[PDB]
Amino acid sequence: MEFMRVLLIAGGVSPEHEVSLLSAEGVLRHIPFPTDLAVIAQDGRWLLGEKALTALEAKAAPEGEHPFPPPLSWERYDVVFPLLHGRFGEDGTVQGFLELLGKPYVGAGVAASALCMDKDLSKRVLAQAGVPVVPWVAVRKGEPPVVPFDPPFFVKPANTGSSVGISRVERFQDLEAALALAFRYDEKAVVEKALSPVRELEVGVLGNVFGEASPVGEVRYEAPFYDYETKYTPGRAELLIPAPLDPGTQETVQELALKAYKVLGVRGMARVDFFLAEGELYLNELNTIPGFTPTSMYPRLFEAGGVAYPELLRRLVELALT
């Protein structure tokens, strides 16, 4: 039989554009099938063929040669891997386009993608299904906010990512300004109760609707410091795998992740992020297209779960076709 052909799309117009491009190099090298690359420049225009690869020589591609509907053959590929993050990546827009093209693609479908990107709607569905989430309330522009809890809380646009337009309100006197800021990115915002101390845990899921979970990982912040020999050392995000979790908590994180995954009907993959506070777990968010770089959590979690990077990529493609 002939080789199966995959089309990798990377870059994107969201602020996570550089993270995406960074993943491409790794996906191209390890995907177990011949793979072509197409890049979406920060300005929305696409780069195909030669220009796309050259684009991988930089941290970002503000270029763009082809206006949206790119002159791409599409018929030459069995599956499309839209490795794009946030707005115009994980929100169902690209998925919708690919559906109209009749092309099988990696990851969540239109409904699941759009839902998971809306902080309000996703939480409503999860709460309805019995999954714990942090107390929240949605607020729309023009509408009087009615936060049913303490002043320490986050305010953020409902359908965005990368922490853009987000504010941590200390006093109601600031709530007004915070919403006005958020509304600059989405007419709908959400106000979530800020927890403290709290720990962040992340788990990966692989499969169509009924998936398998990876071990649990923890995201820990390392403050900058003055080292005895090297002197100044910058702050850094530390990914702990496996997470130092007590007997039973790991199992509960995994069950909640898989349950939420099944309810929302997610396909292919998802990195589910949680908050752990006072021995209590809270589903924070589901990411249908998690970062895929070597340092990235999702691939490292499954590596610890016994699934090699190339194996992970191969399974994602196979799931797209089933």
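A residue's number is simply how far along the shown sequence it sits, counting from 1.
Between 124-132 and 144-152, the higher mean Cα B-factor belongs to 144-152. Higher mean CA temperature factor between 54-62 and 274-282: 54-62, per the PDB entry.
Comparing the C-alpha B-factors of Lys103, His85, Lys119, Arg168 in the entry, the top value falls on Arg168.
Residue set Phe97, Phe210, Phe183, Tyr226: peak C-alpha B-factor at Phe183 (per PDB entry).
Sort the chain's modelled residues by C-alpha temperature factor and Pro157 lands in the middle third, per the entry. In the deposited entry, the Cα temperature factor of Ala112 places it in the lowest third of its chain's modelled residues.
Remark: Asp174 belongs to the highest third of its chain, ranked by C-alpha B-factor as recorded. Looking at the C-alpha B-factors along this chain, the one for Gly204 belongs to the lowest third. The PDB entry assigns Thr249 a C-alpha temperature factor belonging to the highest third of its chain's modelled residues.
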